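Asks: I would like to see how this sequence folds:
(chains A, B, C, D, E, F and G, ligands or ions: 1)
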Amino acid sequence: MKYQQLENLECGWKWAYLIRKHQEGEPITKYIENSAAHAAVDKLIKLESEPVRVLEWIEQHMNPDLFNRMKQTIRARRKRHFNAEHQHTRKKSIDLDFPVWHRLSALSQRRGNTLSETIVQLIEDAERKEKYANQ
Amino acid sequence: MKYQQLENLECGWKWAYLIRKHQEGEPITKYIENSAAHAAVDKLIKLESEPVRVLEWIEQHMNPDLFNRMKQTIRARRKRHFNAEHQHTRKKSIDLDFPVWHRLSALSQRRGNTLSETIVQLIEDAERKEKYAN
Amino acid sequence: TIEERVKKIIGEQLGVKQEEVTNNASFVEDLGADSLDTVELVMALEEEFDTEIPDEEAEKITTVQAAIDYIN
Amino acid sequence: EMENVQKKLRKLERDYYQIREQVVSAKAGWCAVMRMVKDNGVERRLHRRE
Amino acid sequence: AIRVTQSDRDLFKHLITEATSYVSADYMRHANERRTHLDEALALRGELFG
DNA sequence: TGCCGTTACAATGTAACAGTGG
DNA sequence: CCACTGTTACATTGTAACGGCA
Ligand SMILES: *P(=O)(O)OCC(C)(C)[C@@H](O)C(=O)NCCC(=O)NCCS
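Replies: Residues are numbered from 1 along each chain as shown, chains lettered A, B, ... in the order given. Please find the structure below.
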C-alpha cells in the first residue's frame, strides 16, 4: 500500500460516482424491476450526508457490472489527489496529431519505455547537442 | 468558414450542453427570481427535439455571460466532429510528467513551434543523428 | 516592472502591506522577516527573475533598497 | 569529459530549481492564508502547537 | 426555552471543535513539510554552487 | 470588431500492464 | 493463485487565448 486510504474521503468519492452514473442514465442498481431500483436510488440519495452507509448501499444494491470500474476510478482518483500536492508529481495532458503520435508510439514501443521516458531521451539528446555546442 | 454547420446537429448539441449545465447547477437563464428561471428551464426541458425553437429559446432567456463559453464549446464540438472521421485528422491525447512537459514547453516557446511541430523536428533530428552515427 | 515586481514579491512572501514596503524598509526590523522568512524572500526573488546570487552577496542584502540594487 | 560532468551539474540544477519553486509556492500560500486569517482565528485556535 | 438553549449550545460546541480539529491538523502538517523541504533545499543549493 | 479555426491545457473515466503481499 | 494497488496510455468534454478574415 503506498497511498494512505481515508475512509470518509473514499466513501464520498464513491457516493459522488454513483450519483453521477445514475444521473447519466446508467443502471447502477442490480434490480430489473423499476420500483425497487427507484427505491434503492432514493435511499442512496438520502445517503448523501452519510458516506459511511454508502458502502452498505453498494453491497446491497450496486450493479455487479460496476465493481471493476468502481475500483479503477477511485484508485485513480486517489493517486491523482495525492500527486496533486506538489507540481513535480503532477501530470500534464497534451494532445498530439495522429502522424506525430504514431511515430512517437512506434519509437517508444521500439525502445520499450514509456512515452515520458522516450521524450526524456529525445530531449536529452537534443540538449546534449546544445551542450556540446555551448561547452 | 471551413466546416459547414448543420442546424439539426448543432441545435441538439446546444440543447445537450444547456441541459448538462443546468444539471451541473449553472444558472442557464438571466432571471434571478427562481420561479422564472424554473419556468424557462422547464420550457427548455420540454423543448427537446426542436432546433428552430431551441435557438429562439437561447435568444430569449439565455444567461448573458454564458454566450461566449457556449459559442466556443460548439466551435470545438464542430471541429472535433468533422475531424473524427479520418484517422490522420484525429488527435491523440497523452499525459506527460511535469518535468518532461516543462522542458518540452520551454523548447516549444523558445523556437516558436507547437508541441507537435517541436516533437516532429526533434524526432527528425534524432533520426538524422542515428544516420550520422550509422 | 522590476521596481514593483520586487514589492510584489516582498509583500506576498512576507505578508506585509504594499504601503509598508518602501525603498528603505529593512526586512528584519520594518517588515519583521526573520532568518527563514528572509531566506524564503531571497529564494522568491531568485525565482521571479530566473537568476542566481552568491551566498555572501545575497546575505549582504538586508533592505528593499539593497534588494533592488542587486536586482537592477 | 567536462561536458559529461556538466550534465550531472544540470541534473542537480533542475532538482534544486524544483525544490526551490516548491518551497517558494508553499511560503506564498502560507503568507496568503495568514493574511486571510486577520479575523483573529489564528493566534491560538488555528495554531494548536500540541 | 431550556431545550432550545441546550440545543444551541451543543451545536455551537460541536461545530467549533470539529472545525478547529479539521483545519489545524492540515495547517500544522503543511507547516512541518514546509520546514522539511526548506531544510532539504539548502543542502542542494550549497552543493550546486561549488 | 465578432465569428471561426486552432492550440494547450484541466478533470474525470477506463482499459491494460506490473507489482505486492496474503 | 488470488486479490488489491500503482502506473501509463489513452478518450471525452470544456475553456481561455491567439490569430486569420469579412
Ligand atoms: P535562521 O536563524 O533560522 O537561520 C537560517 C540559516 C541562515 C541558518 C539557513 O537559512 C542557512 O543559511 N543555512 C545554511 C548555512 C550555510 O551557509 N551552509 C553551507 C551550505 S549547506
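Asks: residues contacting the residue nearest to the spatial centre of chain D?
Replies: By CA atoms, centre = their mean, chain D has its centre lying nearest to residue D:23, at 1.1 Å. By CB atoms under 8 Å, 6 or more residues apart in numbering or on different chains, residue D:23 lies in contact with C:40, C:43, E:34, E:37-38, E:41. Just so you know, the C-beta spots here come from the backbone N, C-alpha and C atoms, and that holds for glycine as well.
Asks: could you find the closest non-adjacent residue to residue D:18?
Replies: Closest residue to residue D:18 apart from its sequence neighbours, by CB to CB, 6 or more residues apart in numbering or on different chains: residue A:88 at 4.9 Å.
Asks: what do you get for residue A:14?
Replies: That would be residue A:54: by CB to CB, 6+ apart, it lies 5.5 Å from residue A:14.
Asks: can you report phi and psi for that neighbour?
Replies: Torsion angles at residue A:54 (phi, psi; degrees, to the nearest 10) stand at phi -70, psi -30.
Asks: that one contacts residue A:17, correct?
Replies: No: contact criterion CB atoms under 8 Å: residue A:54 and residue A:17 do not qualify, at 9.8 Å.
Asks: can you list residues touching both of these two?
Replies: Shared contacts of residue A:54 and residue A:17 (CB under 8 Å, 6+ apart): none.
Asks: counting by contacts, list what the helix or strand where residue A:9 lies packs against.
Replies: In the assignment (DSSP states H and E), residue A:9 maps to helix A:7-23. Where contact means 3 or more CB pairs under 8 Å, 6 or more residues apart in numbering or on different chains; DSSP states H and E, helix A:7-23 is packed against helix A:34-46, helix A:52-61, helix A:67-83.
Asks: flag every buried residue along the last one.
Replies: Read that as helix A:67-83. Buried positions in helix A:67-83, judged by neighbour count with 16 or more other CB atoms under 10 Å in any protein chain shown: A:70, A:74, A:77-78.
Asks: can I assume the residue nearest to the centre of chain D sits in a strand?
Replies: No: secondary structure of residue D:23 (DSSP: H, G, I helix; E, B strand; the rest coil): helix, not part of a strand.
Asks: what domains does the record give for chain A?
Replies: If you go by CATH domains of a matching chain, the domain ranges for chain A are A:7-89, A:98-134.
Asks: can you give me the first-to-last residue distance of the first one?
Replies: Between the start and the finish of domain A:7-89 there is a gap of 24 Å, counting by CA to CA, to the nearest Å.
Asks: ok now that domain, how far from the chain's centre?
Replies: 13 Å (CA atoms, centre = their mean, to the nearest Å).
Asks: check whether stretch E:20-27 contacts chain D.
Replies: Yes: on the criterion CB under 8 Å from any CB of the partner chain, stretch E:20-27 is in touch with chain D at E:20, E:23-24, E:27.
Asks: what do you get for stretch E:43-50?
Replies: Yes: part of stretch E:43-50 sits close enough to chain D to count as contact by CB under 8 Å from any CB, namely E:44-45, E:47-48.
Asks: any idea which residue of chain C lies closest to chain A?
Replies: residue C:47 (12.6 Å; CB to the nearest CB).
Asks: that residue belongs to a helix, doesn't it?
Replies: Yes: according to three-state DSSP, residue C:47 belongs to a helix.
Asks: show me the contacts for it.
Replies: For residue C:47, the contacting residues are D:20-21, D:24, by CB under 8 Å, 6+ apart.
Asks: dihedrals phi and psi, the residue lying closest to residue D:13 once chain neighbours are set aside?
Replies: What sits nearest to residue D:13 in space, not counting adjacent residues and going by CB to CB, 6+ apart, is residue E:48, at 6.1 Å. The phi/psi pair for residue E:48 (degrees, to the nearest 10) reads phi -60, psi -40.
Asks: how much space between residue E:48 and chain B?
Replies: In this view, residue E:48 and chain B are 17 Å apart by CB to the nearest CB, to the nearest Å.
Asks: you'd agree that residue is up against residue D:11?
Replies: No: with contact defined as CB under 8 Å, residue E:48 does not count as touching residue D:11 (10.4 Å).
Asks: check whether stretch D:30-41 contacts chain E.
Replies: Yes: for stretch D:30-41, a contact with chain E is found by CB under 8 Å from any CB, at D:30, D:33.
Asks: now that stretch: buried residues?
Replies: Buried residues in stretch D:30-41, defined by neighbour count with 16+ other CB under 10 Å: D:30-31, D:37.
Asks: next up, the contacts around the residue lying closest to residue A:21 once chain neighbours are set aside.
Replies: The shortest distance from residue A:21 to any non-neighbouring residue, by CB to CB, 6+ apart, is to residue A:28 (5.1 Å). Residues in contact with residue A:28 (CB under 8 Å, 6+ apart) are A:18, A:21-22, A:41, A:44, A:61-63, A:66.
Asks: helices along chain E, start to end?
Replies: E:2-49 (DSSP state H).
Asks: what does it have sitting close to the ligand?
Replies: Within chain E, the positions lying close to the ligand (CB under 6 Å from any ligand atom) are E:42-43, E:46.
Asks: out of those, which is most surrounded?
Replies: Highest neighbour count within these, by other CB atoms under 10 Å in any protein chain shown: residue E:42, with 13 neighbours.
Asks: show the contacting residues for the closest residue to residue A:78 other than its chain neighbours.
Replies: Counting by CB to CB, 6+ apart, residue A:3 is the residue found nearest to residue A:78 once chain neighbours are left out, at 5.4 Å. With contact taken as CB under 8 Å, 6+ apart, residue A:3 is in contact with A:78-79, A:82.
Asks: so which helix or strand takes in residue A:3?
Replies: Per DSSP H and E, there is no helix or strand for residue A:3.
Asks: now it: phi and psi?
Replies: Residue A:3 adopts backbone torsions of phi -110, psi 130, taken as degrees, to the nearest 10.
Asks: what's the answer for residue A:50, then?
Replies: Phi and psi for residue A:50, reported as degrees, to the nearest 10, are phi -130, psi 80.
Asks: could you dump stretch A:39-49 to PDB, C-alpha only?
Replies: What follows is stretch A:39-49 as a C-alpha-only set of coordinates in PDB (Å, rounded to 0.1, in the frame of the first residue of the first chain):
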ATOM      1  CA  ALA A  39     -36.400   2.900  -4.100                       C
ATOM      2  CA  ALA A  40     -32.700   1.900  -3.900                       C
ATOM      3  CA  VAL A  41     -31.700   5.100  -5.800                       C
ATOM      4  CA  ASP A  42     -33.800   7.200  -3.500                       C
ATOM      5  CA  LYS A  43     -32.100   5.600  -0.400                       C
ATOM      6  CA  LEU A  44     -28.700   6.300  -2.000                       C
ATOM      7  CA  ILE A  45     -29.800   9.900  -2.500                       C
ATOM      8  CA  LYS A  46     -30.800  10.100   1.200                       C
ATOM      9  CA  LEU A  47     -27.300   8.700   2.000                       C
ATOM     10  CA  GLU A  48     -25.600  12.000   0.700                       C
ATOM     11  CA  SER A  49     -24.500  13.200   4.200                       C
END
